[PDB]
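Data block below; observations after.
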Ligand SMILES: [Ca+2]
Ligand SMILES: [Ca+2]
Ligand SMILES: [Ca+2]
Ligand SMILES: [Ca+2]
Ligand SMILES: [Ca+2]
Ligand SMILES: [Ca+2]
Ligand SMILES: [Ca+2]
Ligand SMILES: [Ca+2]
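Protein chains in written order, with PDB author numbering: chain D, 21 to 453; chain A, 21 to 453; chain C, 22 to 453; chain B, 21 to 453.
Right under this line is the structure:
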């Protein structure tokens, strides 16, 4: 399928960003086997085609802020003049309560560094979930907060504010009515996201009472006042939280969210999803359910280039890792695990050779099958994966294919071996004419 | 004590060494879930009492030799004038064949460094399993090899050798008879260990045709000639290999070996064991089978001093880890996991308080019970383990015991929680009067 | 001004344009070298041709597990937002030169060895690769000293299909030198492949030493080549010169190196750049070393975070980096300074200033913000606090003695009472 | 001049400790070119003979305490049952004031870990310069403080305390009279050191007003009360501080201190010194001035074992460094720099060959001369140092000596090259028969 878009790790709280005709999504990371929020670092993924997502690994950690105690929660990255500002909530060590920090990088992949050495903003309590938006006039605005929605106008430097922290009036006209809660007069729960289309500003937000849904408000200007719009997406699935990120890419609008749809998924082991966001003619948004996502890619993938093992459309029983020597790589966790890429254009001439960086800890009996169409589709080639000792050691295997491959294909790599776990590790692949 | 003596890791190829009235055993490390030999680094454990073993973690890695390809196999550390020489077999990258290197350190725990930058010795083939022995006259001897037993006279510097590589005559007189195996004329397989008692030198060795047993030879000189002695220990258990280390400690002789007796144990997931070695009055060794090991501690453990969580007699469902912040620590893998230490002397006054450095990733419901005698014995105290976020973050918990503890006790630490895995992590403990 | 980088010894410049920013990858001569001591590669970037951002080390010889050392002249090329860095290193396997290739997903890396072995290794002289992707999408690699070699690379950019071609070392193609049968032509090493209109150019260091820069032209990227002439004679304190040529925003630039920094030499070099002029027929007249770009092609915005290591001209400053703050600069002695050119404060102007700074000295350490030159009027003084070492930092906010308006050159002068290591400086910004 | 004992780095605040018949000194480290106290990490050096000192490198840093802001000041390590407790003063980040922490390790070289994650003790102000002493009955005592001398009884576990922080009565019968300062009523300034000899306890301490001298007090009990003894050593030389460490080794007592006697030395670039401490028959101490140290080694150095380049008696124009590959090594900063080792026993047969691990960044012209007696003494051999590229690359050079060397010698290694700086680097050496 196409949702969740990442299956190699538990991801949540998606925050998209476009730079130079590429779509990135920054995410939080739920540790495996969590029964509570175990969130320590932030990830970024990217796509050129909306069906294949490249895993770029960790780009920031809570410990990159020397004053942070933990809790790497929902963040957002925005770009301006080739610099990338990543706004993050963390619990501070100084007073043991939430705060918003900011790191800055010169690429979407970083490296990102704490430029303040202290919080950008810390209130009385409830300093989580920042969203930042740069308007057409160049003015930058930040909203955040749980339980209270707060607002500040950011300076041009993007790393300070002047003025006060504005507590947005929690009105039933602005955010709807919840009943039976005085800490929470409205449906607003947390996680604001500020977006613009035509002449209208949108504030998307998780709403309560739990399990969370996604609601929205509208306004004529970025600073409010806000107008309740309705429910964008009702509560659904195994994750009691949902968290929105909305963005335009190549003339369409996309709605990122998360759920608990992976094996072992839950409210503490979530997974990021995406589907198209459709507007009515007046600019309102119809209620939508969780769908299977993007069914058709908007561009082809070139198989005659180095393509990462961690550029994945759909997979099962594969996890992602990284190290300093090769970067991000994937490991097959059991026999018959697979990765797939969609909309691969082998062209008219066709591919006759194939190369891959691979390895295994097992002595014999490890293969990777290149198949077309599905995990049981026709076999184009089989790679014998050599013993390397561990994922710090790798070999490149070049094979001639049983038959030249042409045209548009979906390519499946199936990993086979005699062991019960850790069948092999896979870094990148390529085809040759 | 009980066997295996290490249950928090798969360990093999034990190599004991005495320094300053403490007994150390250096071991290889079988990675979890191995179906082939996956061995990357070397460990050292130590004891003061023969029943409680301290895990000192990794003290050397194959990659600490820049010319090594992998295969961190059976090693031995010897001491001379406060310097420690660890002889290791590794496969070389230069020629893709085995070689013997040597690292030197200034404590039993290192740090250890490759002092040559190249092999100490490399022959034509089968350069594995070194043993090194310093005679009463101060002369050092090295044996090694599979299939051919090889010998060199080491120089005083211990990191070079004099003369030629001697191939020891593989005669039935020296090592017994194996049935038509052109390549293996004798029972000798690999893994020599040179030991001295009274006026007699012993060479212990794994023998084939396999499953492996332990045989021995004797001589009047450390260079030989060697005369076949008999079977020290027949093949037994789930490991097709066995590997001996013999040494005197406080007037008794101990026989270290390995088997496959841990859960998930096998020939590639082995576990180190020890039992006493008894001699006949003429110096020969009566054959023995694998026993429970050490029944009685030769010294008490002081509970009023800092004692490591990784100082363990017997345990279940505990694994050991390390990092640079706290060193070695242990993790409980499921509810009802436990560690135990034997022969703890609380004295006549007794313990009234307890302290422990611990943490968990779970939110509530995590306790560690201190019990006496067994994992089901009387509860002396309970520790509430707080949420810290991950094993990079820790708290110290101080509790007053309801029951004062006196006299000699066996202390069990039982780890309890509501989650199905990774209950908590544990670094050290101590009692107060 | 030239050299364009003064905070380290840099050499073998290899420019590259990505998304309207101009990068230059360089090699790194260690301080106090009496021989080639070259271990890692750097990348700098500009928006304006007068201020250069130091992005730090982006690759090391040791990132190739098979390399013994000698991180020499490299080039990075981009294709569909992936970046391929072709590097010469000495291999441990046979103790001779080889070309490797690393790949990254931004100009700043991270870059990883994707082969685990050389991309190419011949019998001898495997140094100084240049790579060019033609209009038809096909990529060409040249390299070599003493023999110019060529292969055509596949699209994957990390392999080649045909044979290693030894380009004929003829006078019609590379000029004539007499003596040295092993060097029949002026060609010495360091080829650079560039295209302008209908003509391909191969620039190269020429001998005998001290090196000059010559060029050849061709109608195809694969040759055959025809000698053009001398682009730049030998001059100054570096017996090597190494060319990189590129178009940026409608002009052509010639990167090279010399030994013009204090302590400079043939083993402590410094990268330079000046505009490259062509004749109407596409030939190149001889040019000498100039003072470089006299005017910036864009303004610098002082109201955004600006790195201390974004520098036009400086004295007695060195660059460093760590994982906590990234790249930063240290003032090595009193009267060290950095400067940035063509800064647009606008009509209203700046009233406040912030810098991340620190020092190891107890009192007496200041950084002066001055306009126009290092002796120009003082807009503000920053008292730099004791932090203990460049692992610890403080942000200092000041109000300016007067508002700053219009286009300015900004000088940051570092002062203290000690003999060395006055302070360290990470970034700054102004506020309205 | 055998003082200072360490010339390859600026060292201060010596704290000796004996373990298994070897003498260690833990020191603070003054960064080069300091005009203020720039102190970040702790060092340990060791000797077998009182004339040659081995550099063991950094064994702990301020940053190994996650709560420390900086100022790695005067520390002391004590041993008990093969565990080593290192008490350090650092400034806490929580409140920006001084605190005492404690790290624990399992060898004198570490690794050492903060076992509390917080201060062992923090008072209102003055938390520097701890000394710890374990008495004959096994109870441990801690003194510290500036300006106020403070005391606590440590628990058996050595990482906690009993009762209250005791402010020792700052009396003139106990610590003499100053006059002029209300916060300094007595000569006591800081830096206490608790020592025992026969039935008398001694507390040594820096005294003021500055420049600091060393005075002492006596008692019959470790906890006091204290009786002023007199001045042990008046202020002298270029360091306005002095800091005492006193200890017995092989039947003599040694007084460690520091001064500013190296090139570039000062109050912020200090150097550790040692000389013998003499007592009168009644246990009082005659006043002494700075001497040039130990004139004769109490044991010979064996040149036929691996000997570190950083085992040095006297040197000029040499600095010490370290990395993970080789450990500690030395660099000659200019032509004619040298190291020296004293009392080296080549024996009756003698050395005929020499080996050394070395390298240089220069292309040709680099030699290392082995000389006897002095840096201009007879040349036994010359080693051509090869180009390696940097101190991350090394070669071993073996040479035949021009003449055999026999008997007791002082060995000088002189580093020569044509360059103006950084001639070469040197890791270890050894002779062969
Ligand atoms: Ca968000
Ligand atoms: Ca990869
Ligand atoms: Ca062995
Ligand atoms: Ca521990
Ligand atoms: Ca080049
Ligand atoms: Ca910076
Ligand atoms: Ca002291
Ligand atoms: Ca050394």
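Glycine residues also receive a C-beta, built at the ideal position from the N, C-alpha and C atoms.
Own chain partners of residue i with C-beta closer than 8 Å, once the 5 adjacent residues on each side are dropped
| i | result |
| --- | --- |
| residue 117 of chain C | 111, 142, 145, 147 |
| residue 441 of chain A | 353, 354 |
| residue 402 of chain A | 387, 388, 389, 390, 419 |
Backbone secondary structure at residue i - three-state DSSP
| i | result |
| --- | --- |
| residue 324 of chain B | coil |
| residue 192 of chain C | helix |
| residue 83 of chain A | helix |
| residue 114 of chain D | coil |
| residue 141 of chain C | strand |
| residue 56 of chain A | coil |
| residue 260 of chain B | coil |
| residue 357 of chain B | strand |
| residue 429 of chain A | strand |
| residue 342 of chain A | strand |
| residue 435 of chain A | strand |
| residue 182 of chain B | coil |
| residue 162 of chain A | strand |
Environment of residue i [buried if 16+ CB atoms lie within 10 Å]
| i | result |
| --- | --- |
| residue 13 of chain C | Residue 13 of chain C cannot be examined here, being either before or after the span of chain C that is shown, 22 to 453. |
| residue 426 of chain B | exposed |
| residue 411 of chain D | buried |
| residue 150 of chain C | buried |
| residue 377 of chain B | buried |
| residue 307 of chain A | exposed |
| residue 131 of chain A | buried |
| residue 214 of chain B | buried |
| residue 170 of chain A | buried |
| residue 158 of chain C | exposed |
| residue 272 of chain B | exposed |
Identity of the residues DSSP links to residue i by a beta bridge
| i | result |
| --- | --- |
| residue 376 of chain A | A:417, A:449 |
| residue 43 of chain C | C:38, C:67 |
Proximal residues to residue i (C-beta, below 6 Å), its chain only, five neighbours per side dropped
| i | result |
| --- | --- |
| residue 431 of chain A | 361, 364 |
| residue 165 of chain D | 146 |
| residue 439 of chain B | 382 |
| residue 205 of chain B | 190 |
Proximal residues to residue i (C-beta, below 7 Å), its chain only, five neighbours per side dropped
| i | result |
| --- | --- |
| residue 154 of chain C | 98, 100, 160 |
Can you list, in chain order, every residue whose CB sits closer than 7 Å to a heavy atom of ligand 4?
Answer in sequence order: A:328, A:329, A:330, A:346, A:347, A:348, A:349, A:447, A:448.
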